[PDB]
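>>> Here is my input, please return the structure:
(chains A and B, ligands or ions: 1)
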Amino acid sequence: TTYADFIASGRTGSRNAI
Amino acid sequence: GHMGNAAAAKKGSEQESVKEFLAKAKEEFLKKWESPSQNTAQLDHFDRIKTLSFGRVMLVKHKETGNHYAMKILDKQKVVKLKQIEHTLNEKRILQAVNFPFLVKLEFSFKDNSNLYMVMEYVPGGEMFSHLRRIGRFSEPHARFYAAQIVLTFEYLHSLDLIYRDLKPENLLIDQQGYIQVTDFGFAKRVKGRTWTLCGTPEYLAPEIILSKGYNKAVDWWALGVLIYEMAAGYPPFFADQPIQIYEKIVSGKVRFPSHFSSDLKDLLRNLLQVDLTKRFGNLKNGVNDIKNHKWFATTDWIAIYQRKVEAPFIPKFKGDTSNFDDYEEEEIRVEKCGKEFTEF
Ligand SMILES: Nc1ncnc2c1ncn2[C@@H]1O[C@H](COP(=O)(O)O)[C@@H](O)[C@H]1O
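Residues are numbered from 1 along each chain as shown, chains lettered A, B, ... in the order given. The coordinates are given below.
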């Protein structure tokens, strides 16, 4: 599912600027 | 047509009043922009309470008044070593010149031999990010209440020729009335025409930033689309293990929506998350009005939002309590380094 894919991305925490 | 006479007259009058407000707001901004305030407090005016690469953010208490503040502490030698002089000066210059109910207020600023200090009003609800991950997702009315505040804030900022460039839930604080406070102007720039810097956060980057084009304020309207999607879905529209895979999705012109999104919401997002700049809402002849007059915002009373008279959908637990923030190790603060560079601060 999309939600599972989001968890799998490893990018569920705070995101830094580039 | 869609509107009868009464509705059309009311909308036209409302839009003309916005123009009148923005013209005065620009005059006030420009006076402060051209003559910034400096050195309006000192460090021993405050008790350090708790810590919340350039420096630290601390909860502090004003000794005389008892009010709490969030004090941003920047180490000057470290700003200069990381090549952040212009961004630091510009952020403080912007903050002391703007005035809007959904923009954090710089209450004092000063410097000493070692550090720069920006004393901001303390926003005790913490960041939207934590609340969104905890709750999972916001219902559409809840999302819309926040979205409306960002629309009005970008309408304000863009009228001053300020591009914001780092919209994300991490940068949105929730105050005691449940309203938003935009923080962190480190990537904001006064830009009449185009600008070229690669900056932002990967999930929120507009395609024209990824594709190394010159770009304009429309990148903020793309980012609003990403924000509304993430608030309503609980995850952003474009994600992957690594940034480069995120960028491939951003530029593809394809976006998929959860089945619980309303058709009105999908239509708005397709017009904000529009790769073709000649078609993107916020970037057309009718400007911000294409967004404000969209069906998804039909129930939004823009003046009541601005006046903070709408009952918020969520009030953070009101415990100067640090209930809505994390914990960190408390290093000391020691104190004339880098004088010339920060004369303007
Ligand atoms: N005005 C404020 N009130 C409360 N907390 C803040 C404030 N400014 C910054 N913070 C905290 O410090 C972090 C850094 O924010 P910033 O560096 O301004 O993007 C935020 O995510 C909050 O946790």
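
>>> contacts and neighbour counts: CA atoms only from here.
Fine.

>>> Just the buried residues of the longest helix anywhere in chain B, please?
In chain B, taking DSSP state H as the definition, the longest helix is helix B:5-34. Applying a neighbour-count criterion of 16 or more other C-alpha atoms under 10 Å in any protein chain shown, one finds B:22, B:25-26, B:29, B:32-33 buried in helix B:5-34.

>>> now swap in stretch B:53-67 and tell me
So stretch B:53-67, judged by 16+ other C-alpha under 10 Å, has buried residues B:54, B:57-61.

>>> Pick the one among these closest to the ligand.
Checking the buried residues of stretch B:53-67 against the ligand with C-alpha to the nearest ligand atom, the nearest one is residue B:57 at 5.5 Å.

>>> For the closest one, give me its contacts.
Applying C-alpha atoms under 8 Å, 6 or more residues apart in numbering or on different chains to residue B:57 gives the contacts B:51, B:70-73.

>>> Can you report how many residues neighbour the residue in chain A that the ligand sits nearest to?
Using C-alpha to the nearest ligand atom, the single residue of chain A nearest to the ligand is residue A:14, 9.2 Å away. By other C-alpha atoms under 10 Å in any protein chain shown, 11 other residues sit near residue A:14.

>>> wait, isn't it in contact with residue B:170?
Yes: using C-alpha atoms under 8 Å, residue A:14 is in contact with residue B:170, at 6.6 Å.

>>> which residues are common contacts for these two?
Common neighbours of residue A:14 and residue B:170 (C-alpha under 8 Å, 6+ apart) are residue B:129.

>>> Which parts of chain A are strands?
Ranges of strands in chain A, per DSSP state E: none exist.

>>> now the strand or helix carrying residue B:73, how far from the chain's geometric center?
Using DSSP states H and E, residue B:73 sits in strand B:68-75. Distance of strand B:68-75 from the chain centroid (C-alpha atoms, centre = their mean, to the nearest Å) equals 18 Å.

>>> Neighbouring strands of that strand in the sheet, and parallel or not?
Taking DSSP bridges as the criterion, strand B:68-75 forms sheet pairs with strand B:55-62 (antiparallel), strand B:115-121 (antiparallel).

>>> Where do the helices of chain B begin and end?
With DSSP H as the criterion, chain B has helices spanning B:5-34, B:76-81, B:85-97, B:128-135, B:140-159, B:207-210, B:218-233, B:243-251, B:263-272, B:289-292, B:302-306.
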